[PDB]
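S.K.: My file is coords.pdb. It has PDB, C-alpha atoms and all ligand atoms:
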```
ATOM      1  CA  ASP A   1      83.438 111.746 138.769  1.00  0.00           C
ATOM      2  CA  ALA A   2      80.070 111.851 137.004  1.00  0.00           C
ATOM      3  CA  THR A   3      76.516 110.718 137.459  1.00  0.00           C
ATOM      4  CA  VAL A   4      74.269 108.771 135.121  1.00  0.00           C
ATOM      5  CA  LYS A   5      70.611 108.473 136.085  1.00  0.00           C
ATOM      6  CA  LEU A   6      68.922 105.094 135.422  1.00  0.00           C
ATOM      7  CA  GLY A   7      65.581 106.178 134.023  1.00  0.00           C
ATOM      8  CA  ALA A   8      64.565 109.813 133.324  1.00  0.00           C
ATOM      9  CA  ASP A   9      62.524 111.672 135.969  1.00  0.00           C
ATOM     10  CA  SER A  10      59.551 111.382 133.597  1.00  0.00           C
ATOM     11  CA  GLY A  11      59.755 107.559 133.710  1.00  0.00           C
ATOM     12  CA  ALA A  12      61.427 107.190 130.315  1.00  0.00           C
ATOM     13  CA  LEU A  13      63.605 104.049 130.097  1.00  0.00           C
ATOM     14  CA  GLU A  14      66.875 105.700 129.323  1.00  0.00           C
ATOM     15  CA  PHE A  15      70.279 106.405 130.788  1.00  0.00           C
ATOM     16  CA  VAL A  16      70.645 110.152 131.440  1.00  0.00           C
ATOM     17  CA  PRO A  17      72.864 111.280 129.808  1.00  0.00           C
ATOM     18  CA  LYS A  18      72.870 108.648 127.068  1.00  0.00           C
ATOM     19  CA  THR A  19      76.485 109.440 126.052  1.00  0.00           C
ATOM     20  CA  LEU A  20      78.811 110.521 128.804  1.00  0.00           C
ATOM     21  CA  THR A  21      82.394 111.743 128.404  1.00  0.00           C
ATOM     22  CA  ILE A  22      84.859 111.409 131.287  1.00  0.00           C
ATOM     23  CA  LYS A  23      88.593 111.518 131.822  1.00  0.00           C
ATOM     24  CA  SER A  24      90.519 108.309 132.534  1.00  0.00           C
ATOM     25  CA  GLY A  25      90.330 107.488 136.269  1.00  0.00           C
ATOM     26  CA  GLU A  26      87.005 109.165 136.980  1.00  0.00           C
ATOM     27  CA  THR A  27      84.340 107.204 138.804  1.00  0.00           C
ATOM     28  CA  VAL A  28      80.894 106.977 137.183  1.00  0.00           C
ATOM     29  CA  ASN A  29      77.992 106.798 139.617  1.00  0.00           C
ATOM     30  CA  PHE A  30      74.909 105.093 138.206  1.00  0.00           C
ATOM     31  CA  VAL A  31      71.964 106.272 140.287  1.00  0.00           C
ATOM     32  CA  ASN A  32      68.641 104.446 140.299  1.00  0.00           C
ATOM     33  CA  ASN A  33      65.977 107.018 139.328  1.00  0.00           C
ATOM     34  CA  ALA A  34      62.788 105.731 137.681  1.00  0.00           C
ATOM     35  CA  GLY A  35      61.380 102.683 135.955  1.00  0.00           C
ATOM     36  CA  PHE A  36      63.549 100.238 137.983  1.00  0.00           C
ATOM     37  CA  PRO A  37      64.665  97.560 138.306  1.00  0.00           C
ATOM     38  CA  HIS A  38      67.633  98.266 136.098  1.00  0.00           C
ATOM     39  CA  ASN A  39      71.153  96.849 135.862  1.00  0.00           C
ATOM     40  CA  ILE A  40      74.353  97.949 134.095  1.00  0.00           C
ATOM     41  CA  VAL A  41      75.886  95.477 131.728  1.00  0.00           C
ATOM     42  CA  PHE A  42      78.852  96.449 129.577  1.00  0.00           C
ATOM     43  CA  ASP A  43      78.968  95.085 126.108  1.00  0.00           C
ATOM     44  CA  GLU A  44      82.025  92.804 125.473  1.00  0.00           C
ATOM     45  CA  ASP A  45      81.929  93.812 121.831  1.00  0.00           C
ATOM     46  CA  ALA A  46      82.120  97.514 122.634  1.00  0.00           C
ATOM     47  CA  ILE A  47      84.781  98.091 125.270  1.00  0.00           C
ATOM     48  CA  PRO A  48      88.511  98.890 125.033  1.00  0.00           C
ATOM     49  CA  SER A  49      91.146  96.118 124.593  1.00  0.00           C
ATOM     50  CA  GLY A  50      92.136  94.528 127.863  1.00  0.00           C
ATOM     51  CA  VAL A  51      89.008  95.523 129.786  1.00  0.00           C
ATOM     52  CA  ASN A  52      86.865  92.737 131.274  1.00  0.00           C
ATOM     53  CA  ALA A  53      83.136  93.402 130.727  1.00  0.00           C
ATOM     54  CA  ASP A  54      82.034  91.125 133.616  1.00  0.00           C
ATOM     55  CA  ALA A  55      84.367  92.711 136.087  1.00  0.00           C
ATOM     56  CA  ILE A  56      82.889  96.208 135.561  1.00  0.00           C
ATOM     57  CA  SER A  57      79.233  95.252 135.089  1.00  0.00           C
ATOM     58  CA  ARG A  58      76.545  95.285 137.770  1.00  0.00           C
ATOM     59  CA  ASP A  59      74.412  92.262 136.912  1.00  0.00           C
ATOM     60  CA  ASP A  60      72.331  92.215 139.965  1.00  0.00           C
ATOM     61  CA  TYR A  61      69.310  94.585 139.762  1.00  0.00           C
ATOM     62  CA  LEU A  62      69.071  98.009 141.451  1.00  0.00           C
ATOM     63  CA  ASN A  63      65.625  98.096 143.024  1.00  0.00           C
ATOM     64  CA  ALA A  64      65.243 101.230 145.069  1.00  0.00           C
ATOM     65  CA  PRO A  65      65.273 104.996 144.206  1.00  0.00           C
ATOM     66  CA  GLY A  66      68.737 106.384 144.935  1.00  0.00           C
ATOM     67  CA  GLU A  67      70.400 102.955 144.957  1.00  0.00           C
ATOM     68  CA  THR A  68      73.886 103.528 143.383  1.00  0.00           C
ATOM     69  CA  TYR A  69      76.509 101.492 141.528  1.00  0.00           C
ATOM     70  CA  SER A  70      79.925 103.118 141.153  1.00  0.00           C
ATOM     71  CA  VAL A  71      82.709 102.066 138.847  1.00  0.00           C
ATOM     72  CA  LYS A  72      86.085 103.634 138.028  1.00  0.00           C
ATOM     73  CA  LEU A  73      87.202 103.430 134.402  1.00  0.00           C
ATOM     74  CA  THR A  74      90.768 103.947 133.356  1.00  0.00           C
ATOM     75  CA  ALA A  75      91.393 102.561 129.870  1.00  0.00           C
ATOM     76  CA  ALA A  76      90.793 105.174 127.132  1.00  0.00           C
ATOM     77  CA  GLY A  77      88.148 104.428 124.491  1.00  0.00           C
ATOM     78  CA  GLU A  78      84.419 103.843 124.261  1.00  0.00           C
ATOM     79  CA  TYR A  79      82.313 101.656 126.509  1.00  0.00           C
ATOM     80  CA  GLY A  80      78.938 100.540 125.291  1.00  0.00           C
ATOM     81  CA  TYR A  81      76.509  99.299 127.945  1.00  0.00           C
ATOM     82  CA  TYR A  82      72.842  98.466 128.451  1.00  0.00           C
ATOM     83  CA  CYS A  83      70.197  97.590 130.961  1.00  0.00           C
ATOM     84  CA  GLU A  84      69.134  93.969 130.497  1.00  0.00           C
ATOM     85  CA  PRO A  85      65.475  94.232 131.442  1.00  0.00           C
ATOM     86  CA  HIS A  86      65.047  97.326 129.125  1.00  0.00           C
ATOM     87  CA  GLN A  87      67.477  96.655 126.267  1.00  0.00           C
ATOM     88  CA  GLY A  88      64.454  96.088 123.981  1.00  0.00           C
ATOM     89  CA  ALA A  89      62.980  99.442 124.985  1.00  0.00           C
ATOM     90  CA  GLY A  90      66.274 101.037 123.896  1.00  0.00           C
ATOM     91  CA  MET A  91      67.860 101.547 127.324  1.00  0.00           C
ATOM     92  CA  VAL A  92      71.488 101.600 126.088  1.00  0.00           C
ATOM     93  CA  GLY A  93      74.284 104.073 126.637  1.00  0.00           C
ATOM     94  CA  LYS A  94      77.932 104.861 126.058  1.00  0.00           C
ATOM     95  CA  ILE A  95      80.800 106.210 128.035  1.00  0.00           C
ATOM     96  CA  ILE A  96      83.718 107.821 126.306  1.00  0.00           C
ATOM     97  CA  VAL A  97      86.891 107.762 128.436  1.00  0.00           C
ATOM     98  CA  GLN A  98      89.529 110.337 127.442  1.00  0.00           C
TER      99      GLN A  98
HETATM  100 CA    CA A 101      71.097 112.691 126.789  1.00  0.00          CA
HETATM  101 CU    CU A 102      66.450  99.342 132.923  1.00  0.00          CU
END
```
Translate this file's structure into C-alpha cells.
M.R.:
Amino acid sequence: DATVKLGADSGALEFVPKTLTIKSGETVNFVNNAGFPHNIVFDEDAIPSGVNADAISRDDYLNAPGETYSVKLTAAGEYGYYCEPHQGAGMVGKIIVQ
C-alpha cells in the first residue's frame, strides 16, 4: 500500500507524490493534507481497458485534515486522475500499476 497526500504541507495544490508507482493489488491511501477541499476523480481517457472511472473515483469532497480515501487497483497500466476544484491550478496526478 502507498500514501498520496492531497496538498503539500506548504499549502501547494498538488498530489504528493505527483506520480506514484505501485504493484497490482496495492491499496492507495489518499490523505487530506492542505488546501482542501479536494476530491479524487480518475480520468476516463487515461485508465486501463476494463476499468470503470466512476467506480474508483471519490467525487464527494474530503474536508478535514487526515480524512482518507482508499482504493485498491489491480489492472496494470497508468491511471490519470485530478482534483476537480483544483484541476485549473494543476492538481493532477498519475498512478502507474505494475
Ligand atoms: Ca513529486
Ligand atoms: Cu484539490
S.K.: Given the file shown, enumerate the residues that the PyMOL selection byres (((chain A and resi 21) around 7) and not hetatm) captures and present them as a PyMOL selection string.
M.R.: chain A and resi 19-20+22+95-97
S.K.: Using C-alpha atoms, can you export the residues from the last selection as an mmCIF file, keeping the file's coordinate frame?
M.R.:
```
data_model
loop_
_atom_site.group_PDB
_atom_site.id
_atom_site.type_symbol
_atom_site.label_atom_id
_atom_site.label_comp_id
_atom_site.auth_asym_id
_atom_site.auth_seq_id
_atom_site.Cartn_x
_atom_site.Cartn_y
_atom_site.Cartn_z
ATOM 1 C CA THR A 19 76.485 109.440 126.052
ATOM 2 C CA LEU A 20 78.811 110.521 128.804
ATOM 3 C CA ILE A 22 84.859 111.409 131.287
ATOM 4 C CA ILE A 95 80.800 106.210 128.035
ATOM 5 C CA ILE A 96 83.718 107.821 126.306
ATOM 6 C CA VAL A 97 86.891 107.762 128.436
#
```
S.K.: Please give me, as a PyMOL selection string, the residues lying within 10 Å of ligand CA 101 (chain A) when counting only C-alpha atoms and all ligand atoms.
M.R.: chain A and resi 4+8+14-20+93
S.K.: For a test of reading the model, state the distance in Å between atom CA of residue 29 of chain A and atom CA of residue 66 of chain A, rounded to one decimal.
M.R.: 10.7 Å
S.K.: Which residues are near ligand CU 102 (chain A) in this structure, taking near to mean any atom at most 12 Å from a ligand atom and counting all atoms listed in the file? Format them as JSON, numbers by chain.
M.R.: {"A": [5, 6, 7, 8, 11, 12, 13, 14, 15, 16, 30, 31, 32, 33, 34, 35, 36, 37, 38, 39, 40, 41, 58, 59, 60, 61, 62, 63, 81, 82, 83, 84, 85, 86, 87, 88, 89, 90, 91, 92, 93]}
S.K.: Expand the PyMOL selection byres (((chain A and resi 78) around 7) and not hetatm) into the explicit residue set it covers here, and present it as a PDB file with C-alpha atoms, in the frame of the given file.
M.R.:
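Result saved to expr.pdb:
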```
ATOM      1  CA  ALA A  46      82.120  97.514 122.634  1.00  0.00           C
ATOM      2  CA  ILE A  47      84.781  98.091 125.270  1.00  0.00           C
ATOM      3  CA  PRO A  48      88.511  98.890 125.033  1.00  0.00           C
ATOM      4  CA  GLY A  77      88.148 104.428 124.491  1.00  0.00           C
ATOM      5  CA  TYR A  79      82.313 101.656 126.509  1.00  0.00           C
ATOM      6  CA  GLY A  80      78.938 100.540 125.291  1.00  0.00           C
ATOM      7  CA  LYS A  94      77.932 104.861 126.058  1.00  0.00           C
ATOM      8  CA  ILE A  95      80.800 106.210 128.035  1.00  0.00           C
ATOM      9  CA  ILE A  96      83.718 107.821 126.306  1.00  0.00           C
ATOM     10  CA  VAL A  97      86.891 107.762 128.436  1.00  0.00           C
TER      11      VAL A  97
END
```
S.K.: Set the distance at 9 Å and use only C-alpha atoms: which residues neighbour residue 23 of chain A once local chain neighbours fewer than 6 positions away are removed? I'd like the list as an MDAnalysis selection string.
M.R.: chainID A and resid 1 73:74 76 96:98
S.K.: Can you spit out the residues from that selection as a PDB file, in the coordinates of the input, using C-alpha atoms?
M.R.:
```pdb
ATOM      1  CA  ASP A   1      83.438 111.746 138.769  1.00  0.00           C
ATOM      2  CA  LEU A  73      87.202 103.430 134.402  1.00  0.00           C
ATOM      3  CA  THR A  74      90.768 103.947 133.356  1.00  0.00           C
ATOM      4  CA  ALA A  76      90.793 105.174 127.132  1.00  0.00           C
ATOM      5  CA  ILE A  96      83.718 107.821 126.306  1.00  0.00           C
ATOM      6  CA  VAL A  97      86.891 107.762 128.436  1.00  0.00           C
ATOM      7  CA  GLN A  98      89.529 110.337 127.442  1.00  0.00           C
TER       8      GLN A  98
END
```
S.K.: Between A:65, A:70, A:50, A:42, which one has atoms that come closest to residue 9 of chain A, using only C-alpha atoms?
M.R.: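 Counting only C-alpha atoms, the residue closest to residue 9 of chain A is A:65.
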S.K.: Separation of atom CA of residue 72 of chain A and atom CA of residue 56 of chain A, in Å?
M.R.: 8.5 Å
S.K.: Of the candidates A:2, A:75, A:68, A:10, which one gets nearest to residue 49 of chain A if we count only C-alpha atoms?
M.R.: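 Of A:2, A:75, A:68, A:10, the one nearest residue 49 of chain A, counting only C-alpha atoms, is A:75.
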S.K.: Which residue, A:44, A:55, A:3, A:64, has the smallest gap to residue 28 of chain A when you use only C-alpha atoms?
M.R.: A:3
